Amino acid sequence: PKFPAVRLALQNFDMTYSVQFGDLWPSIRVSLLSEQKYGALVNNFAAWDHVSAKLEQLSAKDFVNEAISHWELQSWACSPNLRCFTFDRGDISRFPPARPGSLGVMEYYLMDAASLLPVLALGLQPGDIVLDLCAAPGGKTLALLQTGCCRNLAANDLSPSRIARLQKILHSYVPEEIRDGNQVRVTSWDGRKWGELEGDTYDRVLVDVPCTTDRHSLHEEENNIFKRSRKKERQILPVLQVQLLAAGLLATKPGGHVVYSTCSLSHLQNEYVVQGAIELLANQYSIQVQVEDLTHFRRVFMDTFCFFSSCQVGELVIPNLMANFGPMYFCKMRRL
Amino acid sequence: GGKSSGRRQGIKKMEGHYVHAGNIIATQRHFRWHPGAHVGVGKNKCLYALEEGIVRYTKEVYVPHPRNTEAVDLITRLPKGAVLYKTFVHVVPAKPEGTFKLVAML
Amino acid sequence: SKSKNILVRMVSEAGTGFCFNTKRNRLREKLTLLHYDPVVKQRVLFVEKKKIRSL
RNA sequence: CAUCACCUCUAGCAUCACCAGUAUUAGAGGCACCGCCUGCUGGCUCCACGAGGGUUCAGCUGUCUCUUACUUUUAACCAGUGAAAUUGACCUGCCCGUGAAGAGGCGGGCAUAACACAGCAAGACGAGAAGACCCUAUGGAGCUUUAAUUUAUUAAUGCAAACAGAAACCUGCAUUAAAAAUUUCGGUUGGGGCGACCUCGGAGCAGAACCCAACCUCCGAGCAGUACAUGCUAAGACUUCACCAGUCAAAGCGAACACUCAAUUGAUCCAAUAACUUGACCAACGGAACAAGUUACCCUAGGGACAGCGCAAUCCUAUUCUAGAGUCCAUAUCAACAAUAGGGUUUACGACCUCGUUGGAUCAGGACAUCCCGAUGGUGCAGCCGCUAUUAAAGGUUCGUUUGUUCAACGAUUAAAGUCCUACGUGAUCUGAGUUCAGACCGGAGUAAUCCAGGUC
RNA sequence: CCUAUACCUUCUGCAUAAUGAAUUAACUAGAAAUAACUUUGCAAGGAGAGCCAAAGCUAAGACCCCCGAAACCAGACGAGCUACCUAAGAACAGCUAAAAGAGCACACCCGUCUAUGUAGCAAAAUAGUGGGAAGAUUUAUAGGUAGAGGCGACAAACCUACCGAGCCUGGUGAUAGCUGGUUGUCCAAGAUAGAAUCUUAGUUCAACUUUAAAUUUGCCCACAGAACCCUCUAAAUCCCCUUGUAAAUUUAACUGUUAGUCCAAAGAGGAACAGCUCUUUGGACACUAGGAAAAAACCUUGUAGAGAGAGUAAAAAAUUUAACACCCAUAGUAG
RNA sequence: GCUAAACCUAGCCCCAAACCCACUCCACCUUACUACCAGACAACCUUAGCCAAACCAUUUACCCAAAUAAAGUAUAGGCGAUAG
Ligand SMILES: C[S@@+](CC[C@H](N)C(=O)[O-])C[C@H]1O[C@@H](n2cnc3c(N)ncnc32)[C@H](O)[C@@H]1O
Ligand SMILES: [K+]
Ligand SMILES: [K+]
Ligand SMILES: [Mg+2]
Ligand SMILES: [Mg+2]
Ligand SMILES: [Mg+2]
Ligand SMILES: [Mg+2]
Ligand SMILES: [Mg+2]
Ligand SMILES: [Mg+2]
Ligand SMILES: [Mg+2]
Ligand SMILES: [Mg+2]
Ligand SMILES: [Mg+2]
Ligand SMILES: [Mg+2]
Ligand SMILES: [Mg+2]
Ligand SMILES: [Mg+2]
Ligand SMILES: [Mg+2]
Ligand SMILES: [Mg+2]
Ligand SMILES: [Mg+2]
Ligand SMILES: [Mg+2]
Ligand SMILES: [Mg+2]
Ligand SMILES: [Mg+2]
Ligand SMILES: [Mg+2]
Ligand SMILES: [Mg+2]
Ligand SMILES: [Mg+2]
Ligand SMILES: [Mg+2]
Ligand SMILES: [Mg+2]
Ligand SMILES: [Mg+2]
Ligand SMILES: [Mg+2]
Ligand SMILES: [Mg+2]
Ligand SMILES: [Mg+2]
Ligand SMILES: [Mg+2]
Ligand SMILES: [Mg+2]
Ligand SMILES: [Mg+2]
Ligand SMILES: [Mg+2]
Ligand SMILES: [Mg+2]
Ligand SMILES: [Mg+2]
Ligand SMILES: [Mg+2]
Ligand SMILES: [Mg+2]
Ligand SMILES: [Mg+2]
Ligand SMILES: [Mg+2]
Ligand SMILES: [Mg+2]
Ligand SMILES: [Mg+2]
Ligand SMILES: [Mg+2]
Ligand SMILES: [Mg+2]
Ligand SMILES: [Mg+2]
């Protein structure tokens with residue numbers, strides 16, 4: 001009670017994001033205050049073929065499959081074996097709750113379709129070892145396991161409470177045989193230690209640093225980052241984003257790719273953090289990285305997503321009334 | 001801020017103490033004392049006497065069950081010639097199981 | 001604190017009236033277990049009849 | 001505050017107020033005339049007026065420099081009459097020390113025939129009463145409200161009842177509203193603001209049986225999964241220092257051939273159900289079936305409170321060190337990192353924000369770490385002035401203007417306008433401000449009552 | 001001369017400059033049930049209907065205070081003071097002015113400033129200086145409005161010298177986890193783990209303590225024995241036959257106590273040398289005396305009387321610090 | 001040796017028993033105790049609260065007509081305190 005955390009979050013966003021987006025902010029603000037559209041991620045382990053037919057009856061369309069055929073039309077590719085069904089532009093229809101299949105696992109998972117792009121931008125390949133920092137609660141973690149291109153995975157999140165939610169998601173969806181071995185490693189440790197525990201170990205690293213989540217902040221009243229007690233954490237939040245990304249960058253082997261993802265529209269936490277890590281590695285550890293161009297990636301998914309074309313390095317997906325996916329920011333940088 | 005109190009776990013019957021069937025010998029968080037002769041183990045690693053007699057503490061060679069993967073993986077990495085020892089608590093029975101008594105002259 | 005599981009009551013099909021409460025996932029079909037019935041002193045089929053509460 | 005003037009709101013009417021009245025009226029309110037300006041309500045100007053609050057010319061004067069004289073009352077003595085607060089007992093000294101830390105009574109020294117009378121106000125933490133300061137109470141009361149619990153009451157309606165060729169009144173039962181009624185403000189964190197916290201598990205955490213470090217620092221838990229004999233019974237024991245609760249368990253019947261997991265939880269009453277069984281972020285987690293704020297109008301019962309402790313950190317002073325400034329040159333002077341002594345101050349957790357006695361008048365006592373006067377070294381001391389050091393407390397250390405966590409700045413002088421201590425030294429000698437108050441506004445806070453170390457009277 | 005820091009009460013500890021007491025006399029404060037115990041009667045029955053009984057039952061004896069709130073309610077009594085109103089009356093010189101809520105200024109009303117006074121003349125006055133003084137004035141008389149209220153030019157003003165809700169009586173010996181008090185003699189045993197709590201000013205349970213009873217072990221303690229970790233590491237503790245000793249457990253009945261303080265030691269509070277706060281072990285103090293100057297906590301010492309006997313215990317600070325070379329030196333050279 | 005100090009009745013308390021009083025003259029509801037003129041005025045209606053529940057909000061004993069016993073039993077009750 002007292003001062004609502006929702007209004008405090010909205011006040012902070014209104015001042016900051018009005019300048020950044022200009023006339024686009026009123027359009028973004030309505031989408032943020034409205035409920036985000038949920039995409040259906042079909043579980044490959046379950047009856048994926050049957051569920052795909054079932055979703056098409058509900059007028060759902062696989063945008064991922066459509067984006068696959070657009071690669072040759074426009075003229076690293078992307079992570080394969082991903083099937084996500086969303087509705088048409090401007091359709092407010094919601095998917096039914098997921099149900100267990102004949103195999104005992106949930107048939108599909110409901111998640112933001114904008115959160116699949118960091119997995120898609122990762123360009124996952126078979127036989128690789130994937131490190132995910134802040135993997136919990138498993139929005140991006142499940143997508144990596146759906147691909148089946150990762151022989152060894154390390155899912156690390158600082159909060160054990162979030163980690164416990166991830167394991168339950170893995171148990172319900174991912175069959176135990178995959179989780180039985182050392183293929184999926186779940187730990188609760190600081191990600192900044194990963195820059196020293198395991199250096200050059202992984203070929204593909206996905207770093208979704210903690211950040212002020214615009215969708216959750218404006219709606220959730222529990223553990224909001226904008227409450228008075230969390231003000232100290234918010235002030236040091238940009239510092240954490242620079243350190244956690246740097247640890248993930250050192251963790252990968254040269255010739256590997258690291259994707260930095262953030263669920264926010266703040267430039268101080270999307271572009272500045274990316275530039276900070278690049279400078280930090282050169283100054284302290286003498287590490288040089290190259291940020292790839294995602295413009296080719298953007299032009300394929302323009303049909304089902306709205307993109308902001310005033311970003312220095314990464315790609316930002318802005319929410320909209322017709323396409324409510326977002327906000328999502330992801331940048332792919334490889335180590336040389 | 002978390003507040004907790006001691007669990008009062010430890011040795012309940014020392015060396016040479018006389019115990020009866022069912023008496024709890026020791027309560028442990030982890031297997032500090034292993035069950036020996038005529039000593040059972042409960043769910044919470046609680047040691048109770050299965051027979052009435054005297055409690056003895058000895059050092060015995062620790063040979064883990066083959067099914068226990070963690071303990072088998074430990075002995076296989078030991079240098080050749082090394083032997084593991086652990087403290088076992090035994091109950092030495094004092095009374096015989098029974099005696100034959102004359103009941104009739106038929 | 002989302003209610004993933006619910007508490008259901010299994011009623012014996014032997015007609016003895018013996019019933020017991022078990023926990024099952026909400027997103028699941030009605031259970032049909034093979035539980036011991038003390039009245040007939042043997043394992044009999046049981047059927048879910050009514051949900052008691054959401055856990 | 002009221003006040004003409006202005007403005008808002010309500011009311012189309014009579015036989016006890018309004019009113020023996022009738023919208024040019026009456027009532028409930030705001031604001032404070034007028035004049036100007038403005039919106040479709042707001043801002044300035046200005047006549048007089050004021051025991052309002054400041055400022056100022058001139059004069060006036062004992063307000064003062066700087067007090068003095070006289071008269072009257074009082075006073076003191078003689079005669080008559082004759083109270084009150086107060087009072088453990090007193091055969092009632094001073095200086096150091098000690099001490100519930102401020103000694104007439106204790107320790108060590110010093111002083112000391114006994115008694116009135118008149119003065120004095122340093123002490124007897126002097127006396128009376130009032131009040132301030134917080135704190136406490138499952139103590140009160142006033143006020144306010146979107147605190148909880150209510151509509152008995154009143155008003156407006158509905159249906160029933162009743163009349164009935166129709167209608168009302170009354171009554172019963174419902175539904176809104178009004179105005180009231182009863183009751184309460186859970187703890188922890190110097191206070192307030194903002195937040196956090198209250199149960200359970202683990203670690204720093206008591207190194208070795210058990211228990212034990214509150215506050216504090218840090219991370220968790222309020223699940224899930226596999227079973228469906230996770231059946232029924234029954235020796236002996238453990239136990240979170242009580243109880244409640246919790247834990248283990250041989251044998252036996254019946255089957256098969258005491259589940260994982262550190263925490264993963266909630267009593268009684270009551271409610272539902274044929275039985276079985278189930279029900280609370282009762283999270284203030286041994287739980288009240290359901291109750292907030294405020295008081296500077298406050299009340300009652302009590303408790304606490306300048307002075308005192310402080311060999312780590314920090315600050316100051318004097319030495320030590322001898323790097324470095326001073327043309328050269330450690331030491332004429334100055335001085336870094338530091339060290340050793342004396343003194344002051346800060347301090348166990350929201351690695352938040354703020355807030356909790358002192359001048360003056362009079363009279364001074366004392367210290368010297370000396371501002372002036374005196375004596376004596378060194379000088380980058382020619383001489384005059386200066387700088388520095390030793391010695392010296394006999395004596396002296398001004399008058400004004402603004403302003404005042406009551407202190408600085410400024411003006412004119414002086415051989416100098418010393419640093420402190422003394423329960424602000426000193427309020428039973430006096431007085432100003434603050435602590436802050438009963439009234440009142442301005443600014444800010446709050447739905448309001450009311451509040452703010454803020455501004456002012 | 002020598003020795004001796006009034007009493008009560010409240011706190012860890014009062015000579016305390018914390019509370020109470022001028023003093024005398026009189027008055028003034030522990031009321032009761034179940035159970036248990038003790039002593040009689042009778043006894044598988046007891047009792048003067050009813051009730052209890054697996055030795056009980058009946059009777060007696062023997063245990064549970066005083067004063068004090070602010071309040072709340074009910075019914076009365078009050079507007080001769082005051083607030084406002086009603087009825088019918090009265091008063092206001094002189095002067096300047098004008099048909100004035102005008103000016104000056106008496107009577108009169110009010111009470112601005114200062115001083116006196118402070119148990120006073122006075123539970124609000126006096127002297128001087130002031131505001132109003134033909135008006136929204138002042139004032140005499142009678143009447144009205146009464147406490148869940150009245151009245152109010154709102155000051156939370158006034159309503160008979162304590163009005164944030166009058167006074168009196170009654171409920172009422174209200175209640176108070178709070179303060180204070182608690183009255184003959186003598187002896188005996190007797191102090192510091194905790195938990196829960198609208199709780200930390202309290203209470204309940206446990207621990208401790210007391211009395212009675214029953215029973216047999218209790219304390220001290222020889223080995224043996226009690227975990228690995230994160231690599232290592234303390235004083236010790238538990239258990240414990242002998243032995244030295246005399247207690248311990250259980251049964252019955254209750255009350256009372258609890259933040260103790262300081263000293264030694266080991267620690268704890270963001271990795272804080274002291275200090276503050278908080279644990280642990282031990283001691284002392286809240287019990288005596290002697291000694292450290294006076295002295296609750298240091299040291300010596302505890303079982304109680306009389307003696308004009310004796311032997312002892314602890315028990316009195318050390319320290320005074322700075323002399324010193326004599327003689328000589330040309331040169332391959334400014335390597 | 002002053003002030004004083006001492007005293008034993010007055011009467012009262014609790015029971016039993018029995019059901020008590022009020023016109024001498026005059027005055028007395030108007031301003032009571034006031035000799036002496038048109039009134040029309042008339043009575044009846046749950047107690048509450050303190051307190052206990054360690055707050056408080058439902059609730060909380062108060063002779064109702066025979067001592068004893070049934071019996072603090074059946075019942076009632078934030079199924080609490082307590083009531084019966
Ligand atoms: C914004 S969430 C992203 C969740 C997930 N990446 C997804 O999109 O599905 C970021 C999470 O990172 C975790 N986190 C915060 N700090 C971290 C740290 N220092 N190291 C690792 N994880 C951290 C937090 O628990 C938080 O839930
Ligand atoms: K005035
Ligand atoms: K009360
Ligand atoms: Mg006004
Ligand atoms: Mg002036
Ligand atoms: Mg002048
Ligand atoms: Mg003269
Ligand atoms: Mg005389
Ligand atoms: Mg007297
Ligand atoms: Mg004398
Ligand atoms: Mg003294
Ligand atoms: Mg003396
Ligand atoms: Mg004096
Ligand atoms: Mg006094
Ligand atoms: Mg209390
Ligand atoms: Mg109140
Ligand atoms: Mg126990
Ligand atoms: Mg509570
Ligand atoms: Mg509690
Ligand atoms: Mg507990
Ligand atoms: Mg005020
Ligand atoms: Mg001189
Ligand atoms: Mg000197
Ligand atoms: Mg002056
Ligand atoms: Mg002046
Ligand atoms: Mg004085
Ligand atoms: Mg004295
Ligand atoms: Mg004292
Ligand atoms: Mg006295
Ligand atoms: Mg009441
Ligand atoms: Mg009360
Ligand atoms: Mg009158
Ligand atoms: Mg006039
Ligand atoms: Mg006049
Ligand atoms: Mg008036
Ligand atoms: Mg007012
Ligand atoms: Mg007021
Ligand atoms: Mg009065
Ligand atoms: Mg009393
Ligand atoms: Mg109390
Ligand atoms: Mg004794
Ligand atoms: Mg003797
Ligand atoms: Mg020589
Ligand atoms: Mg009560
Ligand atoms: Mg109360």
# chains A, B, ... in the order shown; residues from 1 in each chain; ligands from 1

$ residues_around --residues "residue 160 of chain E" --least-positions-apart "3" --cutoff "12 Å" --atoms "only C-alpha atoms (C1' of nucleotides)" --output "NGL selection string"
:E and (78-82 or 166-167)

$ residues_near_ligand --ligand "ligand 39" --cutoff "10 Å" --atoms "only C-alpha atoms (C1' of nucleotides) and all ligand atoms" --output "list in words"
residues 66, 67, 68, 69, 173, 174, 175 and 176 of chain E

$ residues_near_ligand --ligand "ligand 31" --cutoff "8 Å" --atoms "only C-alpha atoms (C1' of nucleotides) and all ligand atoms" --output "PyMOL selection string"
(chain D and resi 140) or (chain E and resi 71-72)

$ residues_near_ligand --ligand "ligand 10" --cutoff "8 Å" --atoms "only C-alpha atoms (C1' of nucleotides) and all ligand atoms" --output "list in words"
residues 91, 92 and 93 of chain D

$ residues_around --residues "residue 14 of chain B" --least-positions-apart "4" --cutoff "12 Å" --atoms "only C-alpha atoms (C1' of nucleotides)" --output "ChimeraX atom specification"
/B:10,18-19,24-26,54-57,89-91 /D:209 /E:224-226,238-240

$ residues_around --residues "residue 104 of chain E" --least-positions-apart "2" --cutoff "12 Å" --atoms "only C-alpha atoms (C1' of nucleotides)" --output "VMD selection string"
chain E and resid 94 to 97 102 106 133

$ write_last_selection --atoms "N, CA, C and O atoms (P, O5', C5', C4', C3', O3' and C1' of nucleotides)" --output "PDB file, in the first residue's frame"
ATOM      1  P     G E  94     -24.497  69.467  29.804  1.00  0.00           P
ATOM      2  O5'   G E  94     -23.071  70.157  29.649  1.00  0.00           O
ATOM      3  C5'   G E  94     -22.639  71.153  30.564  1.00  0.00           C
ATOM      4  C4'   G E  94     -21.160  71.412  30.440  1.00  0.00           C
ATOM      5  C3'   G E  94     -20.666  71.794  29.055  1.00  0.00           C
ATOM      6  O3'   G E  94     -20.869  73.162  28.746  1.00  0.00           O
ATOM      7  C1'   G E  94     -19.282  70.102  29.925  1.00  0.00           C
ATOM      8  P     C E  95     -21.288  73.594  27.257  1.00  0.00           P
ATOM      9  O5'   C E  95     -19.983  73.305  26.388  1.00  0.00           O
ATOM     10  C5'   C E  95     -18.781  74.022  26.621  1.00  0.00           C
ATOM     11  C4'   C E  95     -17.642  73.493  25.786  1.00  0.00           C
ATOM     12  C3'   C E  95     -17.869  73.454  24.284  1.00  0.00           C
ATOM     13  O3'   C E  95     -17.686  74.712  23.661  1.00  0.00           O
ATOM     14  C1'   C E  95     -16.928  71.407  24.991  1.00  0.00           C
ATOM     15  P     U E  96     -18.472  75.061  22.304  1.00  0.00           P
ATOM     16  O5'   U E  96     -17.718  74.208  21.191  1.00  0.00           O
ATOM     17  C5'   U E  96     -16.373  74.497  20.840  1.00  0.00           C
ATOM     18  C4'   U E  96     -15.801  73.450  19.918  1.00  0.00           C
ATOM     19  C3'   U E  96     -16.566  73.204  18.627  1.00  0.00           C
ATOM     20  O3'   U E  96     -16.291  74.166  17.624  1.00  0.00           O
ATOM     21  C1'   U E  96     -16.043  71.135  19.632  1.00  0.00           C
ATOM     22  P     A E  97     -17.341  74.409  16.431  1.00  0.00           P
ATOM     23  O5'   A E  97     -17.116  73.164  15.462  1.00  0.00           O
ATOM     24  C5'   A E  97     -18.131  72.747  14.562  1.00  0.00           C
ATOM     25  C4'   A E  97     -18.340  71.256  14.628  1.00  0.00           C
ATOM     26  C3'   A E  97     -19.672  70.747  14.096  1.00  0.00           C
ATOM     27  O3'   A E  97     -19.687  70.607  12.685  1.00  0.00           O
ATOM     28  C1'   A E  97     -19.250  69.776  16.204  1.00  0.00           C
ATOM     29  P     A E 102     -18.135  55.679  16.624  1.00  0.00           P
ATOM     30  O5'   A E 102     -18.033  57.264  16.718  1.00  0.00           O
ATOM     31  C5'   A E 102     -18.741  58.100  15.814  1.00  0.00           C
ATOM     32  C4'   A E 102     -17.874  59.234  15.334  1.00  0.00           C
ATOM     33  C3'   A E 102     -16.958  59.845  16.382  1.00  0.00           C
ATOM     34  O3'   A E 102     -15.777  59.091  16.583  1.00  0.00           O
ATOM     35  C1'   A E 102     -18.077  61.568  15.231  1.00  0.00           C
ATOM     36  P     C E 106     -11.372  62.411  31.698  1.00  0.00           P
ATOM     37  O5'   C E 106     -12.758  62.757  32.402  1.00  0.00           O
ATOM     38  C5'   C E 106     -13.392  61.835  33.271  1.00  0.00           C
ATOM     39  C4'   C E 106     -14.404  62.523  34.149  1.00  0.00           C
ATOM     40  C3'   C E 106     -15.315  61.613  34.954  1.00  0.00           C
ATOM     41  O3'   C E 106     -14.701  61.126  36.133  1.00  0.00           O
ATOM     42  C1'   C E 106     -16.600  63.310  33.921  1.00  0.00           C
ATOM     43  P     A E 133     -16.542  56.467  22.101  1.00  0.00           P
ATOM     44  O5'   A E 133     -17.388  56.760  23.418  1.00  0.00           O
ATOM     45  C5'   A E 133     -18.637  56.121  23.641  1.00  0.00           C
ATOM     46  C4'   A E 133     -19.079  56.268  25.074  1.00  0.00           C
ATOM     47  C3'   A E 133     -19.442  57.676  25.517  1.00  0.00           C
ATOM     48  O3'   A E 133     -20.761  58.042  25.161  1.00  0.00           O
ATOM     49  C1'   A E 133     -17.996  56.705  27.105  1.00  0.00           C
TER      50        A E 133
END

$ residues_near_ligand --ligand "ligand 9" --cutoff "9 Å" --atoms "only C-alpha atoms (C1' of nucleotides) and all ligand atoms" --output "list in words"
residues 84, 85 and 86 of chain D
